[PDB]
Amino acid sequence: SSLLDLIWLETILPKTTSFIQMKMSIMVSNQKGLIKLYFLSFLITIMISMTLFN
Amino acid sequence: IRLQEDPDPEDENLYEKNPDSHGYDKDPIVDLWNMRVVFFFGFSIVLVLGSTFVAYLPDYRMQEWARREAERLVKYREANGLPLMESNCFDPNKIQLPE
Amino acid sequence: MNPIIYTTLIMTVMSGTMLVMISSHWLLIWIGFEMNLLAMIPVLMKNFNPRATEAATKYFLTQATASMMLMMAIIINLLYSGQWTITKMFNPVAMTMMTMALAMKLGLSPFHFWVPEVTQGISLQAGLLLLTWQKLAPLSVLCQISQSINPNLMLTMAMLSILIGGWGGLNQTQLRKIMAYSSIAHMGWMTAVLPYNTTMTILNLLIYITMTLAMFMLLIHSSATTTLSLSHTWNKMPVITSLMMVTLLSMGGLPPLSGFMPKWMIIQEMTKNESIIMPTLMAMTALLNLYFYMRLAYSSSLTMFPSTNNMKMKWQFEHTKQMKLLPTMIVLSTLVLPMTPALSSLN
Amino acid sequence: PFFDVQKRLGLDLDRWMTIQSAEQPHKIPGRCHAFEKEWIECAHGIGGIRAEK
Amino acid sequence: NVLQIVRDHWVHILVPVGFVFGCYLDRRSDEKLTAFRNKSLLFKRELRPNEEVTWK
Amino acid sequence: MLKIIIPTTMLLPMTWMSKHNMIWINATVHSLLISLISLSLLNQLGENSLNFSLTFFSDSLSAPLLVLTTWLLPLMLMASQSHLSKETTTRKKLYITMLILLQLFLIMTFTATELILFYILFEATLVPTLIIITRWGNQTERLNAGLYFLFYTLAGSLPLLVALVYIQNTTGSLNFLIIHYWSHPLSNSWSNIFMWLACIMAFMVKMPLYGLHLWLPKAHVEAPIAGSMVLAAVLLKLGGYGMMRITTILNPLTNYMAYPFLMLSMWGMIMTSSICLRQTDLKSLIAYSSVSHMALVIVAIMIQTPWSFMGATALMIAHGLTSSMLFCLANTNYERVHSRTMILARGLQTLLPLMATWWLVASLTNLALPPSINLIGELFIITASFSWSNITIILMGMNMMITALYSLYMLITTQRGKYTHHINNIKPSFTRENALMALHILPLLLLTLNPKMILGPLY
Amino acid sequence: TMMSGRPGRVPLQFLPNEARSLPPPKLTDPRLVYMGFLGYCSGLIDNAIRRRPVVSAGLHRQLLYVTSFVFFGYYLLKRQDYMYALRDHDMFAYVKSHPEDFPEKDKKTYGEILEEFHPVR
Amino acid sequence: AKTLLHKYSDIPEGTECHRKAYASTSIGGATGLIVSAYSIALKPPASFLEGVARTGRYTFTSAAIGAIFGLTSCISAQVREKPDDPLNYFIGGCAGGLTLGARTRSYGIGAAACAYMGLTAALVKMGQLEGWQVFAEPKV
Amino acid sequence: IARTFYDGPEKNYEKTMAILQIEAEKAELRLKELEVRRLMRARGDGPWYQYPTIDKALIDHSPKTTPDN
Ligand SMILES: CCCCCCCCCCCCCCCCCC(=O)OC[C@H](COP(=O)([O-])OCC(O)COP(=O)([O-])OC[C@@H](COC(=O)CCCCCCCCCCCCCCCCC)OC(=O)CCCCCCCCCCCCCCCCC)OC(=O)CCCCCCCCCCCCCCCCC
Ligand SMILES: CCCCCCCCCCCCCCCCC[C@@H](O)O[C@H](CO[C@H](O)CCCCCCCCCCCCCCC)COP(=O)(O)OCC[N+](C)(C)C
């Protein structure tokens, strides 16, 4: 009950996935809303799409 | 307190207002008729009628048909000296094996 | 803003989109894009405040850059073929420029930031019109030029869109930002199916437009722009919350609701072309969208949040303005799964 | 996506400008009028795939 | 009176009429699958003098 | 099947148009009538299925599940009217509407003839269940329980959708009859391994499989009584029905791919019985008993012999009835004392005699007591597993011993002993509760009388 | 775009003249009845949103909802049936014209076909 | 990118372990460079030296993961004499995950990365064997 | 019971035959449609996947300023 059901079967599948999704969501949505920053990102994306996609 | 919240109400007992309560409804007449219809339909109709209907369902699984067919085949085969259970399901003449 | 000026600006936006969708010439398509943007800026800035001004500024910068790149692609294509007709593009570099420009116009990742920023900045009516119509036009251009789309680039941008939409929507609390990230994810799905069946792209567009119209009009009806503002709606008009809950379930792709049909048809079509990894990843990633839809539904309908004291006066008063086609949008966004084979009519 | 209002109504809004072999003012010929005419005539009515092949 | 009874107990016929309609629709669905009627190798037989079909 | 589908879709307007005090009476009466009508589906053929039309068909595996669903609806109505007395009329009608929609989806799920229609319906069953749980649950954890249930089921089922559309593109049809007649062996390759995994994992999450089961205690503990009754009685049987249906096309790869699932099922059966031994909550004890029995059914389906399939079907029906009865009894106790702790209320045999009798009968059926259909199914599964290998008997014997231990432990803790002194609100049992227990228990004994009706097509 | 650009296709034509040779949908079609059901649901939702009695008020409005939905549904069904008939026609014509691509195959009975047997034990 | 992938694939699976390690290290370095470029774009550094330090850290982490993966997979296939076996790629993926955990100083990150990267690498090997394609060419 | 509620086995048998025939015809049609779509998209010689080309009615054949077109 304690070691497997309440702890490790919770940690492997549902808890780890939820933690990963929460961290990725924080990373994606934590933006300062600066046009300078995301336009520099646009420039990098344009360069990458030009060079790596033939 | 952090809210204007109602106090948790006391448990309501159906036996206090209606000593002969069946536990279905507050209104005595509705409660009595709910009991009557539930008991009648469920027990009488469903239990008795469905059980007897299932008991006397026609033998569509062909259990007795299969038993009679097996009796006939056993009689015919042991009368003529043939094996009771055939060795092959299909005909090796009609089966063509690869070279 | 004068009502006549507002209606003529809306007519000009629609005229620009229609010029894009009827033109057979690249110059006329570009003219339609320019007309749409020019008439769309004041619509964003209709209710004047610094947030609206900032949103309009960012929208203008992004759309102007996209138009410049698109015209560069048109000129490069003319250089190597001497053709102005909108068909398969004859230069791969021009095609890549066109694809990136149209992706930036649509808000596909990694060109997505402006979508949540602008949607939060502008009002509910402005956000509704933005999402719907401004997705409508570039998708038509992409459908016309579909046969020369680089599948690798298009599918990469689509998968990025789905992932980014899911994660952003997970983090957000503002309803307009939630709707923006939902739009990003749905655009990802549409452009993912784009290189295979433009009919499936159009079907996804129509279902998404119906669901978005229903959701935005429910938000306008309840006058809710945040989660907690939406949490008080059960105490004034509980029916609106029930309709919003079923619409949110539909947007998450739950069967047998209408939002399952586009996902189902797109997965089927992609699997017909021997795509399995992409449909499986796309299907699994939509669980993030469903999670934040469900989190929004818990606050509004399935649980009762605390209310305030002036809600009694709000009870005493009655809603005046009538939303146009809201019941029709709510029905079409939840109960059209049995009518699926009409996509042949849409063909 | 593409609503061919021009073809449906018999109008001409940009088809005059689509190609350089069409009617030009004062009958000024293009630089590659003959080649463009030959390619268009070859590729007419067979579709994109057969046109490219 | 009697009018109030029907005003309240007109809903008790909904399920029975639904059952009747369902039986009718089952018959209608059966009558469209009469493509191998009296044509299976196992059950093919000559029609009786006063019957048109083997089953309905 | 329309003669059964349409009366439910007529239960809807009748419920919404009936008077404020006649809703329960009308719903119960007409649900019982629909159950009586659905009893006519048990007349099956020995050769093939009942092919009603191009859309719905019935077999010896579908018929008992349909009868169980239709019989289960009125019992849920009785329990709901127990615990929803102070609700408004509109919310009562919405509750009945959710129950009716769930029953309709389950009926069409069991009678669907295509795998894709089956998928659509068996995924549509989630919405009413989620709404019921997260809306009419009592405690705080209902929201987390709904999230766990929903996302487990969907993460299982989406690869199933991809695999189904792939199989249709490959073979031309998803019709069950066609794929049974045009079945071809599955070669041992990675692609076939992953198709097998997609289908089986969807239904294993629905079962549930040990290690994929936490959503079951979460949802069953936190759902209202009707939600708990339907979740254990019927919704756990969708996974078993799906596995008994899809494994037609997964051979011979099932011979090699079943080892991890068989080991998981056997060891998790032991583990969940042991967990039941040390549970402080009654609903959690019942939920883990459900997990153990469904693990046994998974073993039966995976070993996949004609003797195992009959055992699987019999055990599914028996577990549905027994778990529903146990949940109802626990709910009556909860309504007495407003708590789920097992040791809070004791001496309920000296305070409530007939309820003690019902507890005894339900606990006796929960363990395999002959000649109950529970024992019939468990014994068939054990025999097939013995023919499979000769240490499965060791595992099954351990499981039976622990099952008896925890069932009788629950009975002794709740009923026997001395009553708690300060609990003085234990009113005499209601006729409604007693009738509910009787309607749970009598059909089980009648099924024991006639056991060939629930042994599946392989009989 | 599969059937876009098909030869002889008149632009912006919801239903061409060649669709008149197909059987029109029956007025009692289950799909038409479902369109009517959608219209009725829309009317009920309209009453609920405007806070009128859901089943009683606005009978004329509910009738208009149902009628409009049935009208558009009838025309939509006609177009859908025509498009599917067109697809079948094109597929059959292509199979007929490409016999080397769609060759008839000799049918071998199961007595001649060899299939491996995998025991279950 | 395509050239680097083609070089890695053109090196035979069971031989030239140093060449496999070099190719995988180059791929990892390019991936880390792209990630560092995006990180600098979206979260600007406080200084040029801090930006260069972050770029070096990301690039070295990626290159180390690639080198460990390539070395472990090639060595495992060579010693087991079993090319076209997903187990080699699983071992390489878990070794890369352990490298990531060591770089980030986190046992939990290391374990999760080992599991996920091992599954991903095994899936990549199975796809190479079976002809699975992520961006399928349009047809039908 | 058999007289009142149920029908003979022939009805179910022959309905099953009709259902199987319909489903087999549908499966054959689906596979054939997939093959036809694949060939038409690959080759471009059928009514489907006919992407537009420039109309030759636009070309001006009147004599130009320069003799060599
Ligand atoms: C009927 C079966 C339907 C099956 C599904 C089909 C699709 C839906 C049906 C179409 C839409 C119906 C109207 C929706 C709004 C209703 C509002 C309302 O109060 O209604 C009460 C209304 C009567 O009350 P009233 O005195 O007029 O006004 C009371 C106030 O509204 C009282 O106002 P209030 O302030 O007290 O309201 C508070 C209440 C307000 O709550 C509501 O308004 C809930 C209902 C609306 C929610 C959204 C409905 C569905 C919209 C489409 C979405 C997809 C549907 C399918 C989903 C599948 C998966 C779940 O809020 C709550 O209770 C909040 C807590 C619960 C929230 C969580 C649960 C949400 C469930 C959402 C899904 C429900 C689906 C089933 C439909 C249920 C309603 C019929 O009753 C009806 O409208 C009954 C339905 C119509 C019956 C027509 C009968 C005609 C004559 C017999 C025909 C026989 C058959 C024909 C053939 C001929 C045979 C002879
Ligand atoms: C003598 C003169 C008589 C004239 C008679 C009138 C002739 C027709 C006039 C049509 C109206 C005038 C033009 C106004 C716009 C026309 C729009 C429509 O008619 O055009 C058709 C378009 O019809 C619509 O596409 C079908 C609408 C389908 C609506 C439902 C979509 C299906 C959703 C699936 C679920 C359904 C749920 C239930 C829905 C209620 C076909 O046009 P087409 O040139 O070829 O399109 C080109 C673009 N393509 C190729 C990419 C497609």
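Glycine also receives a Cβ, built like all others from the backbone with ideal geometry; neighbour counts cover every protein chain displayed. Every number in this text was worked out from the coordinates using simple rules, so none of it is lab data.
Considering only residues that are at the interface with chain C (Cβ under 8 Å from one of its Cβ atoms) and of a type outside the set (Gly, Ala, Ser), look in the stretch G:12-43 and name the one that is nearest to ligand 1 (Cβ to nearest atom).
Looking at residues that are at the interface with chain C (Cβ under 8 Å from one of its Cβ atoms) and of a type outside the set (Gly, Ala, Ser), I get G:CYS41.
Return the only residue of G:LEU86, G:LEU12 being free of Cβ contacts under 8 Å to residues at least 40 places away in the same chain and within 14 Å of ligand 2 (Cβ to nearest atom).
Every option except G:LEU12 fails the conditions.
Taking the condition surrounded by fewer than 20 Cβ atoms within 10 Å (Cβ to Cβ), more than 17 Å from the chain's Cα centre (by Cα) and either among the small types (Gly, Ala, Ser) or within 30 Å of F:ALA202 (Cβ to Cβ) (or both), does F:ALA356 pass?
When the stated conditions are applied, F:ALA356 passes them.
Which of the residues belonging to the stretch F:126-146 are away from ligand 1 (no atom under 16 Å from the Cβ), surrounded by fewer than 21 Cβ atoms within 10 Å (Cβ to Cβ) and part of a helix (DSSP H, G or I)?
Of everything in the stretch F:126-146, just one residue is away from ligand 1 (no atom under 16 Å from the Cβ), surrounded by fewer than 21 Cβ atoms within 10 Å (Cβ to Cβ) and part of a helix (DSSP H, G or I), namely F:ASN144.
Cβ-Cβ below 9 Å, separation at least six or inter-chain, first residue in the stretch D:37-52 and farther than 16 Å from I:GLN50 by Cα and more than 7 Å from every other protein chain (Cβ to nearest Cβ), second outside any helix (DSSP H, G or I) and among the aliphatic types (A, V, I, L, M): which pairs?
D:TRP39/I:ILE54
Out of (1) away from chain D (no Cβ under 14 Å); (2) within 18 Å of C:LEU19 (Cα to Cα), what's the single condition that is false for C:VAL141?
The failed condition is (1).
Find the residue count for the stretch C:234-262, including only residues that are closer than 13 Å to C:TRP189 by Cβ and in a helix (DSSP H, G or I).
Residues in the stretch C:234-262 being closer than 13 Å to C:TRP189 by Cβ and in a helix (DSSP H, G or I): 4 in total.
Being more than 7 Å from chain C (Cβ to nearest Cβ), within 16 Å of ligand 2 (Cβ to nearest atom) and in a helix (DSSP H, G or I) is the filter here, so list the residues in the stretch D:1-18 that pass it.
If the condition is that a residue be more than 7 Å from chain C (Cβ to nearest Cβ), within 16 Å of ligand 2 (Cβ to nearest atom) and in a helix (DSSP H, G or I), then D:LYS7, D:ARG8, D:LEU9 are the ones that fit.
Scanning the stretch G:24-51 for residues that are assigned to a loop (DSSP other than H, G, I, E, B) and in contact (Cβ under 8 Å) with a residue 12 or more places away in the chain, which turns out surrounded by the most Cβ atoms within 10 Å (Cβ to Cβ)? Even if it seems obvious, please write down each step before you answer.
Step one: list which residues in the stretch G:24-51 are assigned to a loop (DSSP other than H, G, I, E, B), which gives G:24-29, G:51.
From the residues that got through so far, the ones that are in contact (Cβ under 8 Å) with a residue 12 or more places away in the chain too are G:24-25, G:27, G:29.
Numbers: G:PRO24: 12, G:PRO25: 18, G:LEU27: 9, G:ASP29: 15.
This residue is G:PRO25.
I'm trying to understand the selection: among the residues of the stretch H:115-125, which are of a type in the set (A, V, I, L, M) and closer than 16 Å to H:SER76 by Cβ?
The answer is H:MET117, H:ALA121, H:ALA122, H:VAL124.
Taking only the stretch F:5-33 into account, find how many residues are more than 7 Å from every other protein chain (Cβ to nearest Cβ) and either among the hydrophobic types (A, V, I, L, M, F, W, C) or assigned to a loop (DSSP other than H, G, I, E, B) (or both).
Summing the residues that are more than 7 Å from every other protein chain (Cβ to nearest Cβ) and either among the hydrophobic types (A, V, I, L, M, F, W, C) or assigned to a loop (DSSP other than H, G, I, E, B) (or both) in the stretch F:5-33 gives 6.
Just the residues that are within 16 Å of ligand 1 (Cβ to nearest atom) and either among the hydroxyl-bearing types (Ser, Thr, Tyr) or farther than 18 Å from C:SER182 by Cβ (or both), please, taken from the stretch C:196-231.
Across the stretch C:196-231, the qualifying residues are C:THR210, C:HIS221, C:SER222, C:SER231.
Condition check: among the aliphatic types (A, V, I, L, M), buried (at least 20 other Cβ atoms within 10 Å of the Cβ) and within 16 Å of ligand 2 (Cβ to nearest atom). Does C:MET245 satisfy that?
Numbers: among the aliphatic types (A, V, I, L, M): yes; buried (at least 20 other Cβ atoms within 10 Å of the Cβ): yes; within 16 Å of ligand 2 (Cβ to nearest atom): no.
So C:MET245 fails the test.
Give the stretch C:263-297 a look and list any residue that's in a helix (DSSP H, G or I) and hydroxyl-bearing (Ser, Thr, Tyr), or say none.
Of everything in the stretch C:263-297, those that are in a helix (DSSP H, G or I) and hydroxyl-bearing (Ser, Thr, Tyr) turn out to be C:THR271, C:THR280, C:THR285, C:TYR291, C:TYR293.
With respect to F:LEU455, determine if the residue is part of a helix (DSSP H, G or I) and within 26 Å of the chain's Cα centre (by Cα).
no
Tell me whether the stretch C:288-309 contains one or more residues that are within 12 Å of ligand 2 (Cβ to nearest atom) and more than 9 Å from every other protein chain (Cβ to nearest Cβ). If you could, list the steps in order and put the result at the bottom.
So the first thing to find is which residues in the stretch C:288-309 are within 12 Å of ligand 2 (Cβ to nearest atom), and the list is none.
No, that holds for no residue.
Report every pair of residues separated by at least 6 positions or lying on different chains whose Cβ atoms are under 9 Å apart, first residue within the stretch I:14-33 and assigned to a helix (DSSP H, G or I), second surrounded by fewer than 16 Cβ atoms within 10 Å (Cβ to Cβ) and acidic (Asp, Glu).
I:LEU29/G:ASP88; I:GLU33/G:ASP88
Can you tell me which residue within the stretch C:328-347, out of those that are part of a loop (DSSP other than H, G, I, E, B) and facing chain G (nearest Cβ under 7 Å), is farthest from ligand 1 (Cβ to nearest atom)?
Among those that are part of a loop (DSSP other than H, G, I, E, B) and facing chain G (nearest Cβ under 7 Å), it is C:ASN347.
Identify all residues within the stretch B:29-58 that are within 17 Å of the chain's Cα centre (by Cα) and surrounded by 13 or more Cβ atoms within 10 Å (Cβ to Cβ); write none if there are none.
Selection gives B:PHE41, B:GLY42, B:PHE43, B:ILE45, B:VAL46, B:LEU47, B:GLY50, B:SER51, B:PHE53, B:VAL54, B:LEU57.
Residues that are farther than 30 Å from F:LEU106 by Cα, charged (D, E, K, R) and either within 11 Å of ligand 1 (Cβ to nearest atom) or in contact with a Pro (Cβ under 6 Å, 6 or more places away or on another chain) (or both): does the stretch C:258-279 have at least one?
No: zero hits.
Could you list all residues from the stretch C:265-275 that are facing another protein chain (nearest Cβ under 7 Å), surrounded by fewer than 24 Cβ atoms within 10 Å (Cβ to Cβ) and on the phi < 0 side of the Ramachandran plot?
Across the stretch C:265-275, the qualifying residues are C:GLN268, C:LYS272, C:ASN273.
So which of F:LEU104, F:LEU42, F:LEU36 ends up being within 13 Å of chain E (Cβ to nearest Cβ), more than 12 Å from ligand 1 (Cβ to nearest atom) and either at positive phi or under 22 Å from the mean Cα position of the chain (by Cα) (or both)?
That would be F:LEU36, the only listed residue that is within 13 Å of chain E (Cβ to nearest Cβ), more than 12 Å from ligand 1 (Cβ to nearest atom) and either at positive phi or under 22 Å from the mean Cα position of the chain (by Cα) (or both).
Of all residues in the stretch B:10-32, how many are more than 7 Å from chain F (Cβ to nearest Cβ) and either touching a residue at least 60 places away in the same chain (Cβ under 8 Å) or not in a loop (DSSP other than H, G, I, E, B) (or both)?
7
Go through the stretch E:1-31 and give me each residue that's within 24 Å of the chain's Cα centre (by Cα), in a helix (DSSP H, G or I) and over 19 Å from F:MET14 (Cα atoms).
E:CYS23, E:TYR24, E:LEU25, E:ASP26, E:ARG27, E:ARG28, E:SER29, E:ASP30
Name the single residue that is surrounded by the fewest Cβ atoms within 10 Å (Cβ to Cβ) among those in the stretch C:297-327 being more than 14 Å from ligand 1 (Cβ to nearest atom) and under 21 Å from the mean Cα position of the chain (by Cα).
Once the filter is applied, the top-ranked residue is C:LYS324.
Go through the stretch F:407-443 residue by residue and tally those that are within 19 Å of F:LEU321 (Cβ to Cβ), crowded, with 21+ Cβ neighbours inside 10 Å and not charged (D, E, K, R).
Of the residues in the stretch F:407-443, 6 are within 19 Å of F:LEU321 (Cβ to Cβ), crowded, with 21+ Cβ neighbours inside 10 Å and not charged (D, E, K, R).
Being of a type in the set (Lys, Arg) and closer than 29 Å to C:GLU318 by Cα is the filter; apply it to the stretch G:22-81 and report the residue that is nearest to ligand 2 (Cβ to nearest atom).
Checking each candidate, the answer is G:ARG61.
Of all residues in the stretch F:46-63, which are buried (at least 18 other Cβ atoms within 10 Å of the Cβ) and within 13 Å of chain B (Cβ to nearest Cβ)?
Passing the criteria: F:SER49, F:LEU50, F:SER58, F:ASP59, F:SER60, F:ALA63.
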